[PDB]
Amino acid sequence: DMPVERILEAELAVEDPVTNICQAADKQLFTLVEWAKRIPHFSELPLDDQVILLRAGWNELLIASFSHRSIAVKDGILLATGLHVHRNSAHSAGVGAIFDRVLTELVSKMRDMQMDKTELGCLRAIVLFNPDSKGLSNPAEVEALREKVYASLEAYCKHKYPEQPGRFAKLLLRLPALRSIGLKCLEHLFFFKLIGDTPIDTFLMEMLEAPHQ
C-alpha cells in the first residue's frame, strides 16, 4: 500500500549567496533523512539501500522542495534558513544561468499548474525510489515501490483534478528537467570544493565522497 495521505504528512512534517545556499542545503540534508523515514516502506529497505537512494537523490529531492516553496516568490527562491535569493543576486555570484533554469523549468511551471503538496510529495517519493541507482541489493523492490507511488499519484490526480486529464503526465514530465538541473548543480558543487573559496559543511561534504555519478 502507498497512501498519498502518508506522503502529504511527510511533506507537512518537514514544512556570497552561494555560501547561504550551501548552508541551507546542508541543513536540509538532515531534514531529508527524516522525510524519507516518513515515506511508507522506505525504512523497511535494507540500510545500505536507504543510503544509496538518498545519496543518489538528495540534490533532486532538495531542488524540488525549495522550488515548490518558492512558487509565490517573484524572480527568486526561499531558502530553508528563511533567506531569499533573488535572481539578480544569483547572477551577481556567477551562477545566474543555472538559477534561471530552476526559475523557468521548475518554479514557474509548478506555479502555472498550481502543483499541490500531495503532488510534490509523490514526485519526490518517485525520485527517492530510483531503481536505477547503482549498487541496490534489490532493484526490483525499489521499482515496485516507485510503481505504487505513481499509481497512487495518478488516482489522486484523477479524483482531485478530473477536468485535467493530462495532469498526471505533466507532473511526471518535469522529472527530466529536474534530473538535468540536479546534475548541473552537482557539477557546480564539485567546483566550489575544488576552488576552496566556499565553505561546505560536513553532511554536504559527505555527499561528495565516492562513489559519484
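Residue positions are given as counts along the sequence shown, with the first one as 1.
What size is the break between residue 15 and residue 16 in terms of deposited sequence residues left without coordinates: none, 1 to 3, 4 to 9, or 10 or more?
In the deposited sequence, 10 or more residues between these two have no coordinates.
Select between 97 to 105 and 77 to 85 the stretch whose C-alpha atoms have the higher average B-factor in the entry.
Taking the mean C-alpha B-factor of 97 to 105 and of 77 to 85, the larger value falls to 77 to 85.
What stretch has the higher average Cα B-factor here, 21 to 29 or 195 to 203?
Mean B over CA atoms: larger for 195 to 203.
In the PDB entry, which of 48, 154, 187, 60 has its C-alpha at the highest B-factor?
Among 48, 154, 187, 60, the PDB entry lists the largest C-alpha B-factor for 48.
Would the CA B-factor of residue 112 place it in the lowest, middle or highest third of its chain?
For residue 112, whose C-alpha B-factor we compare with every modelled residue in the chain, the answer is the highest third.
Can you tell me whether residue 92 has a C-alpha B-factor in the lowest, middle or highest third compared with the other modelled residues of the same chain?
For residue 92, the deposited C-alpha B-factor lands in the middle third.
Residue 168: which third of its chain by C-alpha temperature factor?
Tercile = lowest for this residue's CA B-factor.
When the deposited Cα B-factors of this chain's modelled residues are ordered and cut into thirds, is residue 137 in the lowest, the middle or the highest one?
Residue 137: CA B-factor falls in the highest third of its chain.
Against its chain's modelled residues, does residue 177's Cα B factor rank lowest, middle or highest third?
Its C-alpha B-factor belongs to the lowest third of this chain's values.
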